[PDB]
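*Asks:* Sending over a structure as structure tokens; questions will come in a sec.
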Amino acid sequence: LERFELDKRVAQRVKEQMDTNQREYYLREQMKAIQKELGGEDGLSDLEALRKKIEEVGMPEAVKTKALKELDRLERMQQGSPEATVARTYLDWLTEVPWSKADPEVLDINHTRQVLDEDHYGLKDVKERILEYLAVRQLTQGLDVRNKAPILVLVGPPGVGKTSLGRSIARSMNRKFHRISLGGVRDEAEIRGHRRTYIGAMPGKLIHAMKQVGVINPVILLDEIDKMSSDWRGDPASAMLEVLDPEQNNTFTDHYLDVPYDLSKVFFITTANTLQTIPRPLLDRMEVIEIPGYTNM
Amino acid sequence: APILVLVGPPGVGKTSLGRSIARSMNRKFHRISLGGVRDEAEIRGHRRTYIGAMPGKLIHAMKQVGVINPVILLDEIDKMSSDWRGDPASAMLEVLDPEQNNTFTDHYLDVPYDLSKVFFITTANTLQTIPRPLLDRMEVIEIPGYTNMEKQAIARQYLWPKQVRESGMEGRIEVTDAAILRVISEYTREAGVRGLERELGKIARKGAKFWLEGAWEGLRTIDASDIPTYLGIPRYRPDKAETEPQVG
Amino acid sequence: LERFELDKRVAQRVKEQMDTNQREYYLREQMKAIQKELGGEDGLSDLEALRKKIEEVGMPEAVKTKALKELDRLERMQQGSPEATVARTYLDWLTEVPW
Amino acid sequence: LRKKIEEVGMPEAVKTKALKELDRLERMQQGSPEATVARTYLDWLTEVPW
Amino acid sequence: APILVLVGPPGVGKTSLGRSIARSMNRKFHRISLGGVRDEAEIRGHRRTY
Amino acid sequence: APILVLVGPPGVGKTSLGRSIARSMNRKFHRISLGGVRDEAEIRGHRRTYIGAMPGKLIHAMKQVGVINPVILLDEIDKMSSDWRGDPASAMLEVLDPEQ
Amino acid sequence: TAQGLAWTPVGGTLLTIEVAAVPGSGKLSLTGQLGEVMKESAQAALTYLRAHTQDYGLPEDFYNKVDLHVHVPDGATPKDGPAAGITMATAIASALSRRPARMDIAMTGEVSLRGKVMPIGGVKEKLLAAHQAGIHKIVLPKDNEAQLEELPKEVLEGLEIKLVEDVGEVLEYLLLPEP
Ligand SMILES: Nc1ncnc2c1ncn2[C@@H]1O[C@H](COP(=O)(O)OP(=O)(O)O)[C@@H](O)[C@H]1O
Ligand SMILES: Nc1ncnc2c1ncn2[C@@H]1O[C@H](COP(=O)(O)OP(=O)(O)O)[C@@H](O)[C@H]1O
């Protein structure tokens, strides 16, 4: 009878455990019944509104053809059909990156001098190698904005207002500042994503911030790139050094970018703040600027 | 037929030498550094069982070049290690010699790949740490640093034109023998040419900053006088002839 | 009233969610059902070949007993399971060392 | 991938290797590493010079 | 009875003697180096379970 | 006040009477020779210089017993050598005095 | 106690301990987790017992014969410089001096056999580590005269730079009494 009451006890444990699992299952499907609430609106924006944005975006005939190509295949019953996911996931940043707009290029390094004079006081070491960076950024191997070179990654303590740094340079360059999550995240979905045959593979946060503005040349702050690593083995070294190479960046594919995106005039910045946590193949296309911090006064 | 080893400090042009030989052979060229390798698990593959299971560095190296016959440069085979179980020294042994690698495979792969035709180099830096059965059947070549004359030759003839050509300084900034004399004999002190690239870059992009703030002179001479203007201070002596005549 | 109707439209939406989940999952066991009919079958021919190699290599009886008991462990998935690819390596080590 | 293996010259044993692992594709395409990692394998095989 | 150890300088013929005996006895010569080994597992057998 | 040094014939009388008293006081007897012990790093702990720094043998005497107040017999107290850092005797004087 | 300041790669600190005085034989020992260049520098520092017994005013018996109990606070002692191993030598140099250090008055520099302070690297980072802690009195080698003005004009407003020329002059700028 002790065995029998043990059976009753373990039967109660298994019943509460299955009730728990069932309750969590209902909880998730509510989330899916609470999230799917705006699903129809997404399809509407991914429908005629999407096409209108494509028109204003005026994507290159090749890219527009692609959009139209997938879109004509996606032309059908919008409901009970995934055509909306492939019609938005890949065509949302394509409709959010108009090619009739772009950030005003400041060829005047002297202008940068002035706007960085009021970051805190100029800092006398940041702005000098930044101003190297701009004067070269105009004057390159092709005498244009092409790297074949470093983009000047930082090194220092994180304590400064580095957001305001990106904003004051995006002012001194008339750039549309963004921020993302790239460092600390350990999955290739904010950084690369993977080919659009599964969710969880995603536009990278660079693609998301690229969607955040229409200008074809924003500034995607590769946020705390010093802590970069990813649980997905198979390095984003291909991604990072392929986007760092403009010859590979105008052809920038990824695992996710199954079409070479025309990331040509796109500007990035690199940000390190720790001198050991580095995966090796970022030894190139990187160089370091002195960034002075704050004393107690 | 023994494989070349090019032991010596970094930055002495070992892999650019391989670039030259590739040009001389009209093949492609590639490197894969084995510096800081501690297992067979990545030289041969990890056995494919999950996302996050990878083939070997040689497989990658094969994948970047699009030719079956490149000239691989096995950089830093001396920094090859095994501090955890798994001694992959023998893995490189079966890679190098020509007969046995004819049907090479990694643990990630199953394909016996052909590697008899692929010319190899193998760069190390010191042979005193290579496993001794590895050390058989190669050629041990120390490659030195370069004399001050030789180093200014590297800069003036081969590096400084690259510095001025990456940063749009082409034909607008002239830099004299006195300046690069100051660069080596006054400022830069290292085995390879590696840091020279960096402080030369500091000079270079400071000069580009100077040219784009107004091209009052189309020819901006950076001689040994304004070297501390473009770069920082001379942090070592110009000549070792100037310290003191010491007693003992 | 609008909170009531919002809850009703949430209830319909979670009803659709569970409908979708049972349908797609039913598809998952249909693909598995159609799979083991042939899809898993052809990969077994590898195991049959390895076993035939073990059977044909003349071995002592202790060798063969250890081989068969390790082999019965191998009668499971290894292709995403790092706990039975080591079994495949084990059995292939046994059949390819002379006896 | 079938087309790519078809065009990239394969040893016939390696050709059948790829065909078999292709049959280890066509079964799933999403979630666990079950054909995804097999897709990585096939992509590796295709993009090696032959 | 003993098992024929060989001692001597690094470059002097040892493996030559081994292969000479091997051909002489009609044997496949082989070599396994044991430099730097400090684990019993790496030469006897490592734990099979993982 | 004394702690009853035992001196006289070697290997004769001393430990016997000590074990006798520990039987009388019903205190867990122990016995530690210090003839080969000539380093204070053996009286108190060894200063950490590698993996395997180690305590004094007096803690080890406390390590073989489950109380903090038995009767313990020490052995060979009448010689001394400063062959190592300092002397082992000073740490033993630290052991004797109650506030030390 | 001596302000053997060493800049950590992460943040900035003023490396120092509280010191005993327990002399006797040349085995001051620490599991400092030192680097290999600092390992060989320590192996040099072995015979630097015979070298620092003559370079400063320290007595002759320092050639081989001093202990003490030293506990360097940062067990992760490697701070990207040769300011790890000379710290024990400086601490003993203050210890055999038997007279203490100067309150909120640090020191830094590089020590040599001939008796001169070579300028210490990172004048900005050493002066951030000095000022962010709260010390306002600074002992820098004389060749940092041109590198005092290379720093921004907000670090050194509460800072007094007492320039030093010898390692003995460090001792008057660090040891508590007048000599
Ligand atoms: N006296 C010798 N006779 C024949 N072969 C030799 C002699 N000395 C060196 N060798 C060559 O040296 C190589 C190294 O092997 P071996 O000399 O037998 O032992 P070890 O590897 O210890 O030097 C052999 O391949 C052999 O061809
Ligand atoms: N009066 C006594 N009666 C019985 N046994 C004695 C007497 N005196 C000495 N002994 C013997 O002397 C020994 C004690 O000496 P031992 O324990 O060997 O070393 P130590 O005397 O140096 O501590 C005991 O074994 C004991 O048998």
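Ordering of the structure tokens sets the chain letters (A, B, ...), residue numbers begin anew at 1 in every chain, and ligands are numbered from 1 in the order given.
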Show me, as a list in words, the residues of chain D whose atoms get within 10 Å of chain B, using only C-alpha atoms for the distance check.
*Replies:*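 Listing them in order of chain and number gives residues 11, 13, 14, 15, 17, 18, 32, 33, 34, 35, 36, 37, 38, 40, 41, 44, 45, 46, 47, 48, 49 and 50 of chain D.
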*Asks:* With N, CA, C and O atoms retained, could you export that selection as a PDB file, in the first residue's frame?
*Replies:*
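Below you can see selection17.pdb, which holds the result:
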ATOM      1  N   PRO D  11      34.668  12.980 -58.797  1.00  0.00           N
ATOM      2  CA  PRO D  11      34.921  11.541 -58.898  1.00  0.00           C
ATOM      3  C   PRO D  11      33.599  10.825 -58.725  1.00  0.00           C
ATOM      4  O   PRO D  11      32.754  11.296 -57.957  1.00  0.00           O
ATOM      5  N   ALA D  13      32.677   8.075 -57.318  1.00  0.00           N
ATOM      6  CA  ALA D  13      32.414   7.745 -55.924  1.00  0.00           C
ATOM      7  C   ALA D  13      32.048   8.992 -55.134  1.00  0.00           C
ATOM      8  O   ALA D  13      31.098   8.980 -54.349  1.00  0.00           O
ATOM      9  N   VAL D  14      32.779  10.084 -55.349  1.00  0.00           N
ATOM     10  CA  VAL D  14      32.465  11.344 -54.686  1.00  0.00           C
ATOM     11  C   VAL D  14      31.164  11.916 -55.238  1.00  0.00           C
ATOM     12  O   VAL D  14      30.393  12.568 -54.522  1.00  0.00           O
ATOM     13  N   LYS D  15      30.894  11.659 -56.518  1.00  0.00           N
ATOM     14  CA  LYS D  15      29.611  12.033 -57.101  1.00  0.00           C
ATOM     15  C   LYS D  15      28.463  11.331 -56.391  1.00  0.00           C
ATOM     16  O   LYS D  15      27.475  11.966 -56.008  1.00  0.00           O
ATOM     17  N   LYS D  17      28.659  10.046 -53.429  1.00  0.00           N
ATOM     18  CA  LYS D  17      28.711  10.590 -52.077  1.00  0.00           C
ATOM     19  C   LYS D  17      27.806  11.802 -51.963  1.00  0.00           C
ATOM     20  O   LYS D  17      26.965  11.897 -51.058  1.00  0.00           O
ATOM     21  N   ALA D  18      27.965  12.728 -52.905  1.00  0.00           N
ATOM     22  CA  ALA D  18      27.167  13.941 -52.925  1.00  0.00           C
ATOM     23  C   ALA D  18      25.701  13.630 -53.187  1.00  0.00           C
ATOM     24  O   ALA D  18      24.816  14.250 -52.598  1.00  0.00           O
ATOM     25  N   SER D  32      16.548  21.803 -36.442  1.00  0.00           N
ATOM     26  CA  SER D  32      17.691  21.096 -35.899  1.00  0.00           C
ATOM     27  C   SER D  32      18.742  20.937 -36.982  1.00  0.00           C
ATOM     28  O   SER D  32      18.420  21.010 -38.175  1.00  0.00           O
ATOM     29  N   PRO D  33      19.996  20.755 -36.632  1.00  0.00           N
ATOM     30  CA  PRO D  33      20.951  20.389 -37.674  1.00  0.00           C
ATOM     31  C   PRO D  33      20.666  18.962 -38.083  1.00  0.00           C
ATOM     32  O   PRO D  33      21.103  18.007 -37.435  1.00  0.00           O
ATOM     33  N   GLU D  34      19.904  18.819 -39.159  1.00  0.00           N
ATOM     34  CA  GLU D  34      19.570  17.513 -39.709  1.00  0.00           C
ATOM     35  C   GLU D  34      19.743  17.450 -41.207  1.00  0.00           C
ATOM     36  O   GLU D  34      20.161  16.411 -41.726  1.00  0.00           O
ATOM     37  N   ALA D  35      19.457  18.526 -41.914  1.00  0.00           N
ATOM     38  CA  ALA D  35      19.832  18.702 -43.302  1.00  0.00           C
ATOM     39  C   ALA D  35      20.482  20.057 -43.493  1.00  0.00           C
ATOM     40  O   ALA D  35      21.171  20.286 -44.494  1.00  0.00           O
ATOM     41  N   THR D  36      20.272  20.958 -42.529  1.00  0.00           N
ATOM     42  CA  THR D  36      20.946  22.249 -42.522  1.00  0.00           C
ATOM     43  C   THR D  36      22.451  22.072 -42.467  1.00  0.00           C
ATOM     44  O   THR D  36      23.185  22.629 -43.289  1.00  0.00           O
ATOM     45  N   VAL D  37      22.926  21.293 -41.498  1.00  0.00           N
ATOM     46  CA  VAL D  37      24.345  20.976 -41.442  1.00  0.00           C
ATOM     47  C   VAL D  37      24.735  20.136 -42.653  1.00  0.00           C
ATOM     48  O   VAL D  37      25.852  20.247 -43.174  1.00  0.00           O
ATOM     49  N   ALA D  38      23.801  19.326 -43.159  1.00  0.00           N
ATOM     50  CA  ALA D  38      24.056  18.612 -44.401  1.00  0.00           C
ATOM     51  C   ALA D  38      24.105  19.576 -45.574  1.00  0.00           C
ATOM     52  O   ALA D  38      24.882  19.379 -46.509  1.00  0.00           O
ATOM     53  N   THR D  40      25.314  22.555 -45.259  1.00  0.00           N
ATOM     54  CA  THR D  40      26.661  23.098 -45.095  1.00  0.00           C
ATOM     55  C   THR D  40      27.697  22.164 -45.704  1.00  0.00           C
ATOM     56  O   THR D  40      28.616  22.609 -46.407  1.00  0.00           O
ATOM     57  N   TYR D  41      27.536  20.865 -45.465  1.00  0.00           N
ATOM     58  CA  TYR D  41      28.413  19.865 -46.063  1.00  0.00           C
ATOM     59  C   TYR D  41      28.395  19.939 -47.580  1.00  0.00           C
ATOM     60  O   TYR D  41      29.453  20.013 -48.216  1.00  0.00           O
ATOM     61  N   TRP D  44      30.064  22.948 -48.907  1.00  0.00           N
ATOM     62  CA  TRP D  44      31.506  22.776 -48.834  1.00  0.00           C
ATOM     63  C   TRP D  44      32.019  21.955 -50.002  1.00  0.00           C
ATOM     64  O   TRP D  44      33.002  22.326 -50.653  1.00  0.00           O
ATOM     65  N   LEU D  45      31.352  20.839 -50.285  1.00  0.00           N
ATOM     66  CA  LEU D  45      31.775  19.964 -51.367  1.00  0.00           C
ATOM     67  C   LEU D  45      31.725  20.660 -52.712  1.00  0.00           C
ATOM     68  O   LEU D  45      32.658  20.518 -53.508  1.00  0.00           O
ATOM     69  N   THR D  46      30.663  21.413 -52.973  1.00  0.00           N
ATOM     70  CA  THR D  46      30.522  22.101 -54.243  1.00  0.00           C
ATOM     71  C   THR D  46      31.588  23.147 -54.471  1.00  0.00           C
ATOM     72  O   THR D  46      32.117  23.241 -55.583  1.00  0.00           O
ATOM     73  N   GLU D  47      31.934  23.911 -53.446  1.00  0.00           N
ATOM     74  CA  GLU D  47      32.766  25.088 -53.622  1.00  0.00           C
ATOM     75  C   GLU D  47      34.235  24.791 -53.362  1.00  0.00           C
ATOM     76  O   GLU D  47      34.983  25.648 -52.887  1.00  0.00           O
ATOM     77  N   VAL D  48      34.654  23.572 -53.680  1.00  0.00           N
ATOM     78  CA  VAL D  48      36.051  23.172 -53.657  1.00  0.00           C
ATOM     79  C   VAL D  48      36.464  22.888 -55.093  1.00  0.00           C
ATOM     80  O   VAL D  48      35.698  22.268 -55.832  1.00  0.00           O
ATOM     81  N   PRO D  49      37.616  23.379 -55.538  1.00  0.00           N
ATOM     82  CA  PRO D  49      38.064  23.126 -56.910  1.00  0.00           C
ATOM     83  C   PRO D  49      38.249  21.648 -57.198  1.00  0.00           C
ATOM     84  O   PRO D  49      38.707  20.877 -56.356  1.00  0.00           O
ATOM     85  N   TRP D  50      37.872  21.268 -58.410  1.00  0.00           N
ATOM     86  CA  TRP D  50      37.958  19.916 -58.946  1.00  0.00           C
ATOM     87  C   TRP D  50      38.360  20.023 -60.406  1.00  0.00           C
ATOM     88  O   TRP D  50      37.543  20.417 -61.245  1.00  0.00           O
TER      89      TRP D  50
END
*Asks:* Once DSSP has gone over the backbone, tell me which residues of chain C are in alpha helix (DSSP H), as number ranges by chain.
*Replies:* C: 2-34, 41-56, 61-74, 85-95
*Asks:* Hey, which residues sit close to ligand 1? Say within 7 Å, counting only C-alpha atoms and all ligand atoms, and write them as an NGL selection string.
*Replies:* :E and (9-17)
*Asks:* For the selection just defined, write its residues with N, CA, C and O atoms to a file, as a PDB file, in the first residue's frame.
*Replies:*
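Once everything was written out, this is again.pdb:
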ATOM      1  N   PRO E   9      73.122   8.258 -31.325  1.00  0.00           N
ATOM      2  CA  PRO E   9      73.046   9.654 -31.738  1.00  0.00           C
ATOM      3  C   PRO E   9      71.825   9.901 -32.602  1.00  0.00           C
ATOM      4  O   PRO E   9      71.212   8.947 -33.093  1.00  0.00           O
ATOM      5  N   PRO E  10      71.427  11.162 -32.802  1.00  0.00           N
ATOM      6  CA  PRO E  10      70.181  11.405 -33.546  1.00  0.00           C
ATOM      7  C   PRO E  10      70.233  11.018 -35.010  1.00  0.00           C
ATOM      8  O   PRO E  10      69.251  10.479 -35.526  1.00  0.00           O
ATOM      9  N   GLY E  11      71.331  11.279 -35.700  1.00  0.00           N
ATOM     10  CA  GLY E  11      71.328  11.078 -37.132  1.00  0.00           C
ATOM     11  C   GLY E  11      71.826   9.731 -37.595  1.00  0.00           C
ATOM     12  O   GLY E  11      71.713   9.380 -38.770  1.00  0.00           O
ATOM     13  N   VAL E  12      72.381   8.970 -36.660  1.00  0.00           N
ATOM     14  CA  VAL E  12      72.956   7.683 -36.993  1.00  0.00           C
ATOM     15  C   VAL E  12      71.860   6.679 -37.353  1.00  0.00           C
ATOM     16  O   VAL E  12      70.714   6.781 -36.900  1.00  0.00           O
ATOM     17  N   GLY E  13      72.204   5.742 -38.236  1.00  0.00           N
ATOM     18  CA  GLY E  13      71.270   4.780 -38.774  1.00  0.00           C
ATOM     19  C   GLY E  13      70.584   3.913 -37.756  1.00  0.00           C
ATOM     20  O   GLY E  13      71.182   2.994 -37.204  1.00  0.00           O
ATOM     21  N   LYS E  14      69.320   4.193 -37.502  1.00  0.00           N
ATOM     22  CA  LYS E  14      68.554   3.337 -36.624  1.00  0.00           C
ATOM     23  C   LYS E  14      67.401   2.789 -37.423  1.00  0.00           C
ATOM     24  O   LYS E  14      67.211   1.575 -37.539  1.00  0.00           O
ATOM     25  N   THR E  15      66.653   3.710 -38.019  1.00  0.00           N
ATOM     26  CA  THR E  15      65.490   3.326 -38.799  1.00  0.00           C
ATOM     27  C   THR E  15      65.931   2.601 -40.053  1.00  0.00           C
ATOM     28  O   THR E  15      65.201   1.771 -40.602  1.00  0.00           O
ATOM     29  N   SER E  16      67.144   2.896 -40.509  1.00  0.00           N
ATOM     30  CA  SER E  16      67.743   2.114 -41.574  1.00  0.00           C
ATOM     31  C   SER E  16      67.914   0.668 -41.152  1.00  0.00           C
ATOM     32  O   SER E  16      67.641  -0.253 -41.928  1.00  0.00           O
ATOM     33  N   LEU E  17      68.366   0.453 -39.920  1.00  0.00           N
ATOM     34  CA  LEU E  17      68.501  -0.907 -39.433  1.00  0.00           C
ATOM     35  C   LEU E  17      67.148  -1.565 -39.340  1.00  0.00           C
ATOM     36  O   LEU E  17      66.991  -2.733 -39.704  1.00  0.00           O
TER      37      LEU E  17
END
*Asks:* Just the residues within 10 Å of residue 13 of chain G, please, counting only C-alpha atoms, with nothing from its chain fewer than 3 positions along; format it as a CSV table (one decimal) with N, CA and C atoms, in the first residue's frame.
*Replies:*
chain,number,residue,atom,x,y,z
G,5,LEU,N,53.8,51.8,-9.2
G,5,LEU,CA,52.5,51.9,-10.0
G,5,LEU,C,52.7,51.2,-11.3
G,6,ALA,N,51.7,50.4,-11.7
G,6,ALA,CA,51.6,49.6,-12.9
G,6,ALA,C,50.2,49.7,-13.5
G,7,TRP,N,50.1,50.2,-14.7
G,7,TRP,CA,48.9,50.4,-15.4
G,7,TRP,C,48.3,49.1,-15.9
G,8,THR,N,47.1,48.7,-15.4
G,8,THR,CA,46.4,47.5,-15.9
G,8,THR,C,45.9,47.8,-17.3
G,9,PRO,N,45.8,46.7,-18.1
G,9,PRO,CA,45.2,46.9,-19.4
G,9,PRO,C,43.7,47.3,-19.3
G,10,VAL,N,43.0,46.8,-18.3
G,10,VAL,CA,41.6,47.2,-18.0
G,10,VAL,C,41.6,48.2,-16.9
G,16,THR,N,50.1,48.7,-5.1
G,16,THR,CA,50.8,48.8,-3.8
G,16,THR,C,50.3,47.8,-2.8
G,74,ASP,N,47.1,42.6,-6.8
G,74,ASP,CA,46.5,42.0,-8.1
G,74,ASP,C,47.2,40.7,-8.3
G,125,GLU,N,48.3,57.7,-19.1
G,125,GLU,CA,47.6,56.6,-18.4
G,125,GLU,C,48.1,56.6,-17.0
G,126,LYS,N,49.4,56.8,-16.7
G,126,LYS,CA,49.9,56.8,-15.3
G,126,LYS,C,49.3,58.0,-14.5
G,128,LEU,N,46.3,59.4,-15.3
G,128,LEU,CA,44.9,59.0,-15.0
G,128,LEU,C,44.7,58.1,-13.9
G,129,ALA,N,45.6,57.1,-13.8
G,129,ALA,CA,45.6,56.1,-12.7
G,129,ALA,C,45.9,56.9,-11.4
G,130,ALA,N,46.8,57.9,-11.4
G,130,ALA,CA,47.2,58.7,-10.3
G,130,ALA,C,46.1,59.6,-9.9
G,132,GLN,N,42.7,59.7,-11.0
G,132,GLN,CA,41.3,59.1,-10.8
G,132,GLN,C,41.3,58.5,-9.4
G,133,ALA,N,42.4,57.9,-8.9
G,133,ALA,CA,42.4,57.5,-7.5
G,133,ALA,C,42.2,58.6,-6.6
*Asks:* Quick one: pull the distance between atom CA of residue 71 of chain A and atom CA of residue 53 of chain A, Å, one decimal.
*Replies:* 13.4 Å
*Asks:* Within 10 Å of chain G, which residues belong to chain F? Use only C-alpha atoms and report them as a list in words.
*Replies:*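 Output check: residues 47, 48, 49, 50, 51, 84, 85 and 86 of chain F.
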*Asks:* Any residue with an atom at most 8 Å from ligand 2 counts, using only C-alpha atoms and all ligand atoms. Which are they? Put them as JSON, numbers by chain.
*Replies:* {"F": [6, 7, 9, 10, 11, 12, 13, 14, 15, 16, 17, 75]}
*Asks:* For N, CA and C atoms, I'd like the residues from the last selection saved as an mmCIF file, in the first residue's frame.
*Replies:*
data_model
loop_
_atom_site.group_PDB
_atom_site.id
_atom_site.type_symbol
_atom_site.label_atom_id
_atom_site.label_comp_id
_atom_site.auth_asym_id
_atom_site.auth_seq_id
_atom_site.Cartn_x
_atom_site.Cartn_y
_atom_site.Cartn_z
ATOM 1 N N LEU F 6 60.044 15.782 28.739
ATOM 2 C CA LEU F 6 60.517 14.440 29.036
ATOM 3 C C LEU F 6 61.908 14.286 28.441
ATOM 4 N N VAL F 7 62.916 14.096 29.294
ATOM 5 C CA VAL F 7 64.293 13.902 28.844
ATOM 6 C C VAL F 7 64.922 12.755 29.621
ATOM 7 N N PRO F 9 66.740 8.734 28.964
ATOM 8 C CA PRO F 9 67.142 7.639 28.084
ATOM 9 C C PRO F 9 66.417 7.727 26.759
ATOM 10 N N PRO F 10 67.127 7.551 25.649
ATOM 11 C CA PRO F 10 66.478 7.620 24.342
ATOM 12 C C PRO F 10 65.506 6.472 24.188
ATOM 13 N N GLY F 11 64.376 6.770 23.559
ATOM 14 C CA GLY F 11 63.401 5.737 23.236
ATOM 15 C C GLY F 11 62.881 4.977 24.431
ATOM 16 N N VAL F 12 62.927 5.580 25.616
ATOM 17 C CA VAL F 12 62.672 4.856 26.855
ATOM 18 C C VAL F 12 61.973 5.783 27.836
ATOM 19 N N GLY F 13 60.817 5.363 28.324
ATOM 20 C CA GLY F 13 60.098 6.122 29.333
ATOM 21 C C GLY F 13 59.193 7.234 28.881
ATOM 22 N N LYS F 14 59.640 8.048 27.924
ATOM 23 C CA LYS F 14 58.991 9.331 27.672
ATOM 24 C C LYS F 14 57.577 9.173 27.119
ATOM 25 N N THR F 15 57.432 8.569 25.933
ATOM 26 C CA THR F 15 56.112 8.472 25.305
ATOM 27 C C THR F 15 55.179 7.599 26.128
ATOM 28 N N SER F 16 55.738 6.598 26.805
ATOM 29 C CA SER F 16 54.955 5.706 27.650
ATOM 30 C C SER F 16 54.181 6.469 28.720
ATOM 31 N N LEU F 17 54.873 7.335 29.452
ATOM 32 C CA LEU F 17 54.230 8.102 30.509
ATOM 33 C C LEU F 17 53.254 9.116 29.931
ATOM 34 N N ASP F 75 57.716 15.736 19.884
ATOM 35 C CA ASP F 75 58.972 15.029 20.072
ATOM 36 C C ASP F 75 60.129 15.772 19.424
#
*Asks:* Where does chain G meet chain B within 10 Å, residue by residue, with the nearest atom pair and distance in Å to one decimal for each, counting only C-alpha atoms, listed by chain and rising number, as CSV?
*Replies:*
residue,atom,partner,partner_atom,distance
G:146,CA,B:233,CA,9.3
G:147,CA,B:233,CA,9.3
G:150,CA,B:232,CA,9.7
*Asks:* Take the residues from that selection and put them in a file with N, CA, C and O atoms, as a PDB file, in the first residue's frame.
*Replies:*
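To be explicit, this is the file written out as out_19.pdb:
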ATOM      1  N   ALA G 146      58.947  67.103 -21.713  1.00  0.00           N
ATOM      2  CA  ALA G 146      58.267  67.324 -22.980  1.00  0.00           C
ATOM      3  C   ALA G 146      56.988  66.511 -23.102  1.00  0.00           C
ATOM      4  O   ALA G 146      56.148  66.835 -23.947  1.00  0.00           O
ATOM      5  N   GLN G 147      56.819  65.469 -22.290  1.00  0.00           N
ATOM      6  CA  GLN G 147      55.611  64.658 -22.315  1.00  0.00           C
ATOM      7  C   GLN G 147      54.618  65.027 -21.218  1.00  0.00           C
ATOM      8  O   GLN G 147      53.584  64.361 -21.092  1.00  0.00           O
ATOM      9  N   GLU G 150      52.143  67.083 -23.451  1.00  0.00           N
ATOM     10  CA  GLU G 150      51.478  66.308 -24.493  1.00  0.00           C
ATOM     11  C   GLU G 150      50.125  65.773 -24.040  1.00  0.00           C
ATOM     12  O   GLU G 150      49.372  65.250 -24.869  1.00  0.00           O
TER      13      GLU G 150
END
*Asks:* Write out as a PDB file with C-alpha atoms, in the first residue's frame the residues lying within 6 Å of segment 139-144 of chain B, counting only C-alpha atoms and excluding same-chain residues fewer than 6 positions away.
*Replies:*
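Once written, result.pdb looks like this:
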ATOM      1  CA  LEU B   4      60.615  24.855 -47.794  1.00  0.00           C
ATOM      2  CA  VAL B   5      60.574  26.203 -44.267  1.00  0.00           C
ATOM      3  CA  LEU B   6      61.110  29.867 -43.839  1.00  0.00           C
ATOM      4  CA  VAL B   7      61.778  30.234 -40.122  1.00  0.00           C
ATOM      5  CA  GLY B   8      62.355  33.691 -38.746  1.00  0.00           C
TER       6      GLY B   8
END
*Asks:* Enumerate, in order of chain and increasing residue number, the residues of chain A with an atom no farther than 6 Å from chain B, each with its shortest atom pair and distance in Å to one decimal, counting only C-alpha atoms, as a tab-separated table.
*Replies:*
residue	atom	partner	partner_atom	distance
A:132	CA	B:205	CA	4.9
A:135	CA	B:209	CA	5.2
A:136	CA	B:167	CA	5.1
A:139	CA	B:168	CA	4.4
A:140	CA	B:168	CA	4.2
A:141	CA	B:166	CA	5.2
A:143	CA	B:168	CA	5.9
A:232	CA	B:52	CA	5.6
A:233	CA	B:52	CA	4.2
